[PDB]
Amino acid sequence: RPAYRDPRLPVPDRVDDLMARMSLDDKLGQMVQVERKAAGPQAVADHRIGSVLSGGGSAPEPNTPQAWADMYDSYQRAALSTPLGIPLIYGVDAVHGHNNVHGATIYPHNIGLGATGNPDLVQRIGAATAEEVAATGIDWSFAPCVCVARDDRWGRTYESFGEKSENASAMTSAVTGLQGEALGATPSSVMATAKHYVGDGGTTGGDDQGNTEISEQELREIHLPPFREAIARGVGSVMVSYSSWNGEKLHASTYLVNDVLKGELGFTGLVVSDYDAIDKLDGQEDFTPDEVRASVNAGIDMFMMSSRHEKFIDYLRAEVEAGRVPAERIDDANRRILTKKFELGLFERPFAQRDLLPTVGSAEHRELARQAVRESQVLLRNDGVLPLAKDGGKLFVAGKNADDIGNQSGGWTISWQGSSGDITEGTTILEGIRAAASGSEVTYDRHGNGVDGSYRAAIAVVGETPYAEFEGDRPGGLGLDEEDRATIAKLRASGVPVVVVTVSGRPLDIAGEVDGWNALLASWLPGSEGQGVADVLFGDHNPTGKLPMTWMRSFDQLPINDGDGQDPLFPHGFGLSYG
């Protein structure tokens, strides 16, 4: 009988009726998103908490798609038992597939997706990702990063679709895939998150969580446009950045968050903080009442925290009681959060859609991922060695990234940082090479040992190991490590033609060596379907990818970006094909 329980009522009328019935404590609870390790289902319900997230690597046991759905439903049952029965919204980083879930499809990271120049493909990946997430019940992915990465030293360069605002703006089609045209319209609708607002790709030195020291014009012309496009597509959520703009923390920027994002850009959705982001406002651990006040009054609606939910609620209650946070600010945050819960259909269909569990890691989704692997490959040098024949002559394969699911997936794969090894279901690049050259003997040695002049070609799959966020900052350099250079030198010493394949999250500093390589193929972080690399190597896919970042002649040029007058090794948009 309460109007908010009427599923035929317009959403704003349902929101009005529910909020009319809420105590201040109910409203404070809705503004909390707590990490699952800090609060089980009962505690989430006891505090009337609005949201739970899994941080990177935060899986139930066992890590299976069914166990995630069970975990989600367990939290939801408790939330539904409260006096108002406001359903929980659950968030997760599903940033290249449902990447915390073992056996989920792992798509190329954003930088390779930007290299495809194919927004329709990115949209299809958003839709397939949303299906695999909705199978586990989770309602909300912290994706896409619409960050415009301007300094390759940044540990999140690979989460960026490219260095040009055009790149990221075009790829906000990921939002349309994840959400559908209308949030909640289909059962696999999953709320998307434009992140991180704003300027995370512009920090000085590419330092993660750093300071973006640029004019308002530069901020608006380079970093803002992808947010505008995501909003035009109906993005349900925007996540604020840890970084600063001209020394002002984004999480305290009333101007950028309230005045520009909510006001000028007219964003009507849910503004969420980054993880324990208010804690970092004063540079000291934990959050103070001052940090709560500053960030709530900046206009943020929901606060993502690793623990201390009861302390957050107590602090915010006191701020509201004292009038330092106006009552309308709490109501604005609740109207935005509850609206998305109603739009997502959570008051009608709160539980995991287990009919979708068979799609998780399904062949059709892996075929889509393989197509993204193919199109993300960027051919940068080729003297004729590529494409390799399927003629039967012996091939040699080497490199620490040749036969490693985890290395080819990079960060945010099962764990937060990612890791090396066979960490989820997929096909390695070496396995794709063996299958492409199905009539050929294929010798593999990580370090190139055993290669000789009897081989018709040697393939060295080198580059980075997995990282995420600040752990991936590289102020010290981006050259190949000593193993990669030793292995390539061993292969070149055989006199055999050498194909170098970079598995990396960004351009690497290779200008001093590249002239010795018969071919160079940039593969980025292709994900679980490594066979798409062999598709290009053997000419099944004539390379179509183009560089989404300008490729340095020297580490000393960073930051290097299209139009800055510097002379690059390869310019933005560069990519060879077979001719």
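Numbering starts at 1 and follows the sequence shown.
Participant: Select between 316-324 and 82-90 the stretch whose C-alpha atoms have the higher average B-factor in the entry.
Facilitator: It is 316-324 that shows the higher mean C-alpha B-factor.
Participant: Quick one: say whether 470-478 or 410-418 has the higher mean Cα B-factor in the deposited entry.
Facilitator: Averaging CA B-factors over each stretch, the winner is 470-478.
Participant: Given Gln217, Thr502, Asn382, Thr193, identify the residue with the highest C-alpha B factor in the PDB entry.
Facilitator: In this record, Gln217 carries the highest C-alpha B-factor of the candidates.
Participant: Which one of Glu310, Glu464, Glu132, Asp200 shows the top CA temperature factor in the record?
Facilitator: Highest C-alpha B-factor among the listed options: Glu310.
Participant: Among the modelled residues of this chain, does the Cα B factor of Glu35 put it in the lowest, middle or highest third?
Facilitator: It falls in the bottom third of the chain.
Participant: Grab the CA temperature factor for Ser523 from the record and place it in the lowest, middle or highest third of its chain.
Facilitator: Lowest third, going by the recorded CA B-factors of the chain.
Participant: Relative to the other modelled residues of the same chain, rank the CA B-factor of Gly177 and answer lowest, middle or highest third.
Facilitator: Within its chain, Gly177 is a lowest-third residue by C-alpha B-factor, going by the deposited values.
Participant: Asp290: which third of its chain by C-alpha temperature factor?
Facilitator: According to the entry, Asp290 has a C-alpha B-factor in the chain's highest third.
Participant: By its CA B factor, does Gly263 count among the lowest, middle or highest third of the modelled residues in the chain?
Facilitator: Middle third.
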